[PDB]
Structure formats: C-alpha cells, structure tokens
Amino acid sequence: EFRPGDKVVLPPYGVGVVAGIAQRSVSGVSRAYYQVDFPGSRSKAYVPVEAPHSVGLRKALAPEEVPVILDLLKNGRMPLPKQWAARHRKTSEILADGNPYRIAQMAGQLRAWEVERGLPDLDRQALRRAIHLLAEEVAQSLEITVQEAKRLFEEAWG
DNA sequence: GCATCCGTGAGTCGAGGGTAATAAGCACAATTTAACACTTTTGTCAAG
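For the first sequence, the residue numbers in the deposited numbering are 3 to 160.
This is how it looks when you write it as structure tokens:
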C-alpha cells in the first residue's frame with residue numbers, strides 16, 4: 003500500500019512525506035508501522051500498517067486533480083448550519099477529515115460569504131485554515147512553493 | 001470538677017529590597033465619544 007518514499011498527506015496536521023516501515027514497541031508483539039515524515043515541523047509519526055487507508059492516512063492529489071479543486075474554490079459552495087455553534091462545529095469537522103474536495107468546497111461557500119455579506123472572527127479563522135491546507139497539498143502535488151499555490155487560489159478569484 | 005481543644009501573643013530602631021504574566025463567541029441594540037459646521041465671545045489692531 004504505502005511504499006518507502008510515497009509522497010502522501012497525513013491529516014489534520016498537514017502535508018509531508020512518509021518514511022518507510024518500522025517495528026515500534028506497542029502492547030504485545032511489535033506491529034509494523036509506517037514512519038511518516040512531515041516537511042517543516044520536526045516530529046516523526048508511526049501509522050499502523052493494519053488499516054492505514056481507513057485510519058486517515060491517505061494519498062496526495064495527482065497533479066491532474068488540481069483544476070477540480072480550484073473550481074471547487076472559485077464557484078464552489080455547500081450548505082452550512084444556521085446557529086453559529088453548529089456552523090463552527092461543521093467547519094472544524096471538515097477541517098478534521100482531511101478530504102481535499104470537501105475542504106475546498108467548504109472554503110468555497112465560506113469565502114463566497116466573506117466577500118458578500120461578511121464573515122465572523124471564527125468562520126474566517128477556519129476559512130483561512132482551509133485555504134492554507136489547500137495551499138499545502140496544491141504545493142505538494144504540483145511541486146511548487148506555497149507562493150505559487152496560493153497564487154493559484156488567488157487566480158481563482160483575484 | 002478532669003483532660004482536651006480554639007484563641008491570643010511573641011523586641012528596638014533601621015539598611016536595603018523591589019518590579020509582573022490563563023480560561024467562549026457572535027450579532028446587535030444602546031449609548032458614548034469623536035467629528036464637524038458654524039455662531040458668538042473675546043482679545044487684538046488701526047487709529048480717534
């Protein structure tokens with residue numbers, strides 16, 4: 003599944019590149035792990051080889067899957083709760099799962115709100131969280147620095 | 001009344017020394033304060 007040098011993202015923390023298989027002592031007999039690394043923050047990670055795909059360790063969008071996300075930004079939207087509580091809740095949830103399409107979509111309707119009616123000091127924080135994570139994986143897939151990715155996102159709008 | 005508890009005290013002046021760090025949020029109504037426009041007062045000036 004995950005090979006030594008597979009470049010994949012391990013949400014929520016952000017993008018990074020894995021490293022390899024290890025035996026870390028946990029409970030009983032040592033189970034194989036993916037040592038997974040990250041770019042900026044210096045910390046290691048160990049992801050169970052049992053079910054790494056269902057645990058939230060997923061792949062990275064191909065260089066060809068960018069336009070669908072940029073389009074999920076420019077024109078993209080989604081329904082949001084009325085009460086500010088539940089709204090914040092859902093924003094946090096999508097900012098948890100790590101699903102790139104979902105996060106792009108959320109950022110889409112949220113951003114659509116910031117430029118029209120207005121945005122609170124909460125929903126906007128989460129919005130910027132989304133835009134930043136987007137910048138991370140669009141930087142990782144397209145092999146460009148965060149500047150050009152955030153400039154793709156600023157290309158969507160202006 | 002006989003052991004066992006709360007209660008109150010206990011030295012003078014000084015010299016310095018010192019400085020510091022927890023906690024939810026968002027829309028909106030109600031005022032407060034800052035801004036601005038302009039009338040009046042008052043102090044100054046040219047010159048009786």
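Just so you know, even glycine gets a beta-carbon here, dropped at the ideal spot from N, CA and C.
Whose C-alpha, out of the options, is nearest the C-alpha of residue i?
{"i": "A158", "options": "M80, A109 and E139", "result": "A109"}
{"i": "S45", "options": "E66, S143, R104 and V17", "result": "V17"}
{"i": "residue 161", "options": "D99, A151, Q111 and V19", "result": "Since the first residue shown for the chain is 3 and the last is 160, residue 161 is missing from the structure and cannot be characterised."}
{"i": "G160", "options": "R113, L124 and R119", "result": "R113"}
Secondary structure at residue i, three-state DSSP: helix, strand or coil?
{"i": "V68", "result": "helix"}
{"i": "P50", "result": "strand"}
{"i": "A109", "result": "helix"}
{"i": "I146", "result": "coil"}
{"i": "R26", "result": "strand"}
{"i": "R33", "result": "strand"}
{"i": "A114", "result": "helix"}
{"i": "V38", "result": "strand"}
Is it buried or exposed, residue i, if we count other Cβ atoms within 10 angstroms and call 16 or more buried?
{"i": "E139", "result": "buried"}
{"i": "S27", "result": "exposed"}
{"i": "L154", "result": "buried"}
{"i": "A137", "result": "buried"}
{"i": "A132", "result": "buried"}
{"i": "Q25", "result": "exposed"}
Any heavy atom of the ligand NAP within a distance shorter than 7 Å of the CB on residue i?
{"i": "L72", "result": "Looking at this structure, you won't find the ligand NAP or any other ligand, since it has none at all."}
Leaving out five residues before and five after residue i in sequence, what residues of the same chain have Cβ atoms less than 8 Å from its Cβ?
{"i": "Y103", "result": "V70, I71 and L74"}
{"i": "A62", "result": "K9, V10, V11, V17, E139, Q142 and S143"}
{"i": "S94", "result": "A128"}
Note down, in chain order, each residue of its chain lying with its Cβ closer than 7 Å to the Cβ of residue i, except the 5 sequence neighbours on either side.
{"i": "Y15", "result": "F40"}
{"i": "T147", "result": "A141"}
Name the DSSP beta bridge partners of residue i, please?
{"i": "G16", "result": "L12"}
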